[PDB]
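>
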Ligand SMILES: [Ca+2]
Ligand SMILES: [Ca+2]
Ligand SMILES: [Ca+2]
Ligand SMILES: [Ca+2]
Ligand SMILES: [Ca+2]
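Residue numbers (the UniProt record's numbering), protein chains in the order written: chain E, 67 to 679; chain G, 67 to 694, 731 to 746; chain L, 636 to 687; chain U, 2 to 149.
(1) Work out the CA separation of residue 533 (chain G) and residue 408 (chain E) for me, nearest whole Å.
(2) List the whole-angstrom C-beta distance separating residue 59 (chain U) from residue 26 (chain U), where the pair is believed to meet the contact cut-off of C-beta under 8 Å.
(3) Evaluate the contact criterion for the region 488-503 of chain G versus the region 349-366 of chain G: three or more CB pairs, one atom per stretch, below 8 Å.
(4) Which residues in chain E have a C-beta closer than 9 Å to the C-beta of residue 621 (chain G)? List them in chain order.
(5) Just mark residue 669 (chain G) as buried or exposed, buried being the case when its beta carbon has 16 or more other beta carbons within 10 Å.
(6) If you follow the beta strand (DSSP E) that residue 75 (chain U) is in, where does it begin and where does it stop?
(7) Is there at least one Cβ from chain G nearer than 7 Å to residue 586 (chain E)'s Cβ?
(8) Measuring from the CB of residue 350 (chain E), is there a heavy atom of ligand 3 at a distance below 6 Å?
(9) In chain E, which residues lie less than 8 Å from residue 662 (chain G) when you measure between Cβ atoms?
(10) Would you mind sorting residue 570 (chain E) into buried or exposed? The rule is 16 or more other CB atoms within 10 Å of its CB.
(11) Could you confirm whether any beta carbon from chain G is found closer than 7 Å to the beta carbon of residue 154 (chain E)?
(12) Specify the secondary structure class of residue 658 (chain L) as computed by DSSP and reduced to three states.
(13) Evaluate residue 13 (chain U) with the Cβ neighbour count: other Cβ atoms within 10 Å of its Cβ, from every protein chain shown; 16 or more gives buried, anything less gives exposed.
(14) Relative to ligand 2, is the shortest distance from any of its heavy atoms to the C-beta of residue 53 (chain U) smaller than 6 Å?
(15) Any heavy atom of ligand 4 within a distance shorter than 6 Å of the CB on residue 119 (chain U)?
(16) Need the endpoints of the alpha helix (DSSP H) that residue 119 (chain U) sits in, please.
(17) Drop a sphere of 10 angstroms on the beta-carbon of residue 209 (chain G), count the other beta-carbons inside from all chains shown, and report buried for 16 or more, exposed for fewer.
(18) Under 7 Å, Cβ to Cβ, is there at least one residue of chain G near residue 675 (chain L)?
(19) On the three-state DSSP scale, how would you describe residue 155 (chain E)?
(20) With a threshold of 6 Å on Cβ separation, who are the neighbours of residue 464 (chain E) within its own chain once the five nearest residues in sequence on each side are excluded?
(21) In angstroms with no decimal places, state the Cα-to-Cα distance between residue 602 (chain E) and residue 504 (chain E).
(22) So residue 593 (chain E) contacts chain G; which residues on that side make the cut at Cβ distance below 8 Å?
(23) Identify the contact partners of residue 657 (chain L) in chain G, using a Cβ-Cβ distance below 8 Å as the criterion.
(24) Say whether chain L places a C-beta atom closer than 7 Å to the C-beta of residue 199 (chain G).
(25) In this structure, does DSSP put residue 696 (chain G) in helix, strand or coil?
(26) Assign residue 137 (chain U) to one of three DSSP states: helix, strand, or coil.
(27) Looking at the strands, I want to know which residues DSSP matches up with residue 31 (chain E).
(28) So residue 296 (chain E) is in the alpha helix (DSSP H); what residue range does that whole segment cover?
(29) Please determine, among G:471, G:459, G:457 and G:191, the residue with the shortest C-alpha to C-alpha distance to residue 434 (chain G).
(30) Quick test of your reading: residue 548 (chain E) and residue 568 (chain E), contact by CB under 8 Å. State the CB separation rounded to the nearest angstrom.
(31) Give, in chain order, every residue of the UniProt repeat "ANK 5" (235-276) of chain G whose Cβ lies closer than 7 Å to some Cβ of chain L.
(32) Quick one: Cα of residue 657 (chain G) to Cα of residue 282 (chain G), how far?
(33) With the cut-off set at 7 Å, would you say residue 493 (chain G) and residue 369 (chain G) are in Cβ contact?
(34) Please list the partners that residue 39 (chain U) has in chain G, where partner means a Cβ-to-Cβ separation under 8 Å.
(35) Does the region 443-460 of chain E come close enough to the region 474-481 of chain E that 3 or more CB-CB pairs lie under 8 Å?
(36) Is residue 606 (chain E) closer than 7 Å to residue 546 (chain E) when the C-beta atoms are compared?
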């Protein structure tokens, strides 16, 4: 990009000023003997700049020079307050740089001389963007508490570093630590922050969400943080009793699901994209709910919703094959090739009640296409069109077939009551979608779930890299088969009588479903045989018989993700019905309070086996 | 091969002439007693020879006998200079042999008596040849600095052995160390060559090219030396600033992307045949470039040049489907079998202005077919046909289809304006090579790429060893099928009427594309059913269903090395463009000098996260401070795969 | 391969195959047929020892 | 530093390169200063010059890699001496750099079989990778050979 080259030009111009401006060079080389000479009788210069507008203190801070910064604090005791000011770096101060480079004795010096511990690091490089490497928030407490320098963490809080602090993204200091991938310390560094949460108001520092409304318990599951999730879980897990090897424990379940307002954690999991945000389902309180919500309640309602669906498509199919048809309205087979002896009725014949019994049947299937549009036009009303044509399998392309099937039946309603000739065209797409859409209910089955994802994976993923190989090879030999048979009879051996037939014939000799154009009464032209024998090798025993190995390579190599997706297919099916079915038949999952002195949070009982003495 | 056999006869002959001539045999077995009692009174025979014309001094170093070696120099102080007058070992002096056998005391004895430290070991075994077992250059310093005995290497410099020394390949000692496989000592020794000397200011001695014009940094790109390439990268790697876990690093990039002056390291990688050199492309100061150079510039210029090819074939397809045709010119189809009711025009038909619009459609083609010949024929004279009929996939067989394409179009141009009859045949090969040559433009796609490598790697390597098997079986049963039906009607069940049909109908029953002949009105001969069912088992469920297993046998055993091919396909596509496009539209890569205080070379900036990891360095810091279940089974078998 | 080399050796007359290897009795050797093989030690294992 | 192998210099050189902060081939009291005050404790600009100038043989004030190696001669790895495990590693390591990685070990088992999935290879490393870099040292490999 043109933007990333701008970072290169400045950072080389940043170094050019260091080869100029001799005190900055004296600052980089830890040169103190020149720096006394360049200041203590003439000086004249002390508020220097660079390419990023930094000072000699910042230069003496980026390279670890306690001696050089010692003279600079003594020379001008107002260097410590002003920040960097540029496009990329903005608002960063010498307190920040001294933190990230772990320089404990320098931070001890700067706080004694007076440094702003609330300096906003509002620069351009600091934003949480994937083309930046590290994201440490803004405040100098966050820069310490992320790299794990817990001594400086203790050093800052003694000088009035506020824990409550939000960035431009609304994140607090606990939202940050969940985001570093090299975790390793952030179990321990988490607790040191709560050890300074001793005296506050009623919001106990974890009930403070981000800008998009997401507490650090919620943020741990959304970001795929297995290590920090169990560390948070130990806080809200209550152990009831132990009895030899049986330990029964309670779980909080106040935000695990508690699917009662808008932002249940089970809803947040099956919307995301991250591969590791989906294995929270492995963990011990969530793998109980989505089992019990599905097995006692979710499974039988889903089949009743499925078994009512098959009887709908049949009622549409049973009124499809009973179209009104006339025998051969007006014409008589004029050139050739008019194998067409029928005509549909005008809509002036609904007499003879087994043509009227269908009329109450289509009215069933014409209101069935209204209710599907009424349940999916309010789906783009809440979340955008990138949900449909995004390839999120958790409710995948089964939301673009059912709309088109709903959209096609109304076109038949438009093709009816206008008396237009061509109207097999919506009804042909109406059946090939309306039957292939009962594939959606192959989802909650034990044996037929994870097969369906493999069909969905080879349609796009491993046939959009074969059809571009199919359409090229066909376009050669189909055009080549035209030229050979151009000066020939289409009567005897007539597989190619024009070019739009000549693809359709050649397309099926590639798939080996038609036989292969051969006649023996007549003498085929000699270039037909050489051309077709090269077609038969490359297609039949080099392309199709490559593709069977192409599947089998990619079949055993991803059969540990389809067992992860299929479980998440069930969960997104479960929560979809919880926010849709009215609460007369799904009770709230778990055990409530206030019959027991509990605290009104809905709880859930878990008992396991300790297997040690 | 009567050459390597002739080595042996001159090596067992030495082990005859040492059993004779006892001053050799006393020298081999370190006999100080017989050596005194054969020379110190009469002697007369100190200048003996052997199978290689060697000396007794050459034996006393070839077998580690210090004791006689001191006496022979003391008795005859003139034997140190004469080399092995021979053919295999030509020019080899006794200074050489004491080096390779690590014999420090003898080297300290020969140099104190004083030998020529720059002797030319120019023998026939010492040439860099793919049959010999070592290549150690020609000089005693080169023999010193290859076995690793660095204490000897300190000594030869102190008696004045120049580093600047080239063999018949022009190689210095720096070019030699890249070639040894047991690397990991040479990195400790490459510095020791630089420590003493390297000149002071002549050229710094690393710049000296060989007889094929190559510094050692370029040479490590051809030889696949991964350790040296990282070790030579430390000289040209400038660390700019550190920021917590971020460090920004600025690279020299002088020789890596020379951008012209065709000895370029990106050029040299996709020219070679050595497979282990192609993994330079994963080392971090190079893979940054070919990501950028292909994504910002090599991706749209390739696809635009892809789309300009797609119209050209459609400009050629749409005109070939509109040939001119006369209905059944003058003849009447007499005998049989002549369903041929058209005839192409003579060249007297450019009337009817839905035919002049065809003429521009054929003129774009014939001027397009010459610009291929204007751009491929200027590649055969700079680089031979060993790149064309060599199936190095980095520009593979798609440079011989397209030249066959540019020939087959112009044949039709000669078929026109001559009234020659068969222009169907050169036009038919024009289409199937025309469309299948768009497959070359499936190279720079993230998805369609490594499938196209696999199709080419099944043609030459797993279908050839099927079609030789198929031509055996299908020549058997066809002549067997022809004999049965030779005494039959062709009217009913006539799949086999003459012999060159009977291969082609049998070619299409091995593939299950025709149904296999059957006519239930008539009585098939009793030997047909027995013969055909025997063919049906071998053809259908034993040779084809073996081939499908044969593909899946080799499809998971190269799917770590087609991705590595596909990455090198992209770089070979990238670097080909920069030599070929005019440099008004590709900018130079990186940032130049001379505007910054830099030094005129084009640099490039890489910044990365180093992680600290807290564990390995605390293990070393306690030494810096001086003190006072499924995975286990796969290692259980790997222990059992190590086999005791 | 070896079942095809040896099947041809005893079957074709030994005026076109020669005997494989180097004969004795020309050198003071002892009349047997000898054969010479040379290989490289790969001195990594020499560095642990280094004549010790 | 004499009786080493290929797997002990090539291990120490990457240890040295990560230890040399600025990448100059030498070690100053600044460079050893940075990666010790990152290690909790604070060398108070006196133990820096006490430790480096103790082991500085040629007295230049700096520690190059051979003087780094001769301190790793006295602080050398233990008497874990093998011979068969020496051979099978060079069988395993393709480029011979002393590091068997995820890309190199996946090919050795491909020559042997049983169809390892790509995630199964990376789990074979984290069982062995003690320091946590995704590559297996020879010392990290020799404990995976017997292991019981
Ligand atoms: Ca058929
Ligand atoms: Ca250092
Ligand atoms: Ca030193
Ligand atoms: Ca390696
Ligand atoms: Ca490791």
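Just so it is clear, CB atoms sit at the ideal spot from N, CA and C, and this is done for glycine as well.
This is what the structure gives:
(1) 52 Å
(2) Incorrect: roughly 14 Å between the Cβ atoms, too far for contact.
(3) no
(4) 612, 615, 616, 618 and 619
(5) buried
(6) Taken as a continuous stretch (DSSP letters only), residue 75 (chain U) belongs to no beta strand (DSSP E), being part of the alpha helix (DSSP H) at 66-75.
(7) yes
(8) no
(9) 78, 79, 81 and 82
(10) exposed
(11) no
(12) strand
(13) buried
(14) no
(15) no
(16) 119-127
(17) buried
(18) yes
(19) coil
(20) 506
(21) 37 Å
(22) 490, 491 and 494
(23) 74, 75 and 78
(24) yes
(25) Along chain G, the last residue before the gap is 694 and the first after it is 731, so residue 696 (chain G) carries no coordinates.
(26) strand
(27) Beyond the ends of chain E as shown, which are 67 and 679, falls residue 31 (chain E); an answer cannot be given.
(28) 292-299
(29) G:471
(30) 5 Å
(31) 248
(32) 25 Å
(33) no
(34) 678
(35) no
(36) no
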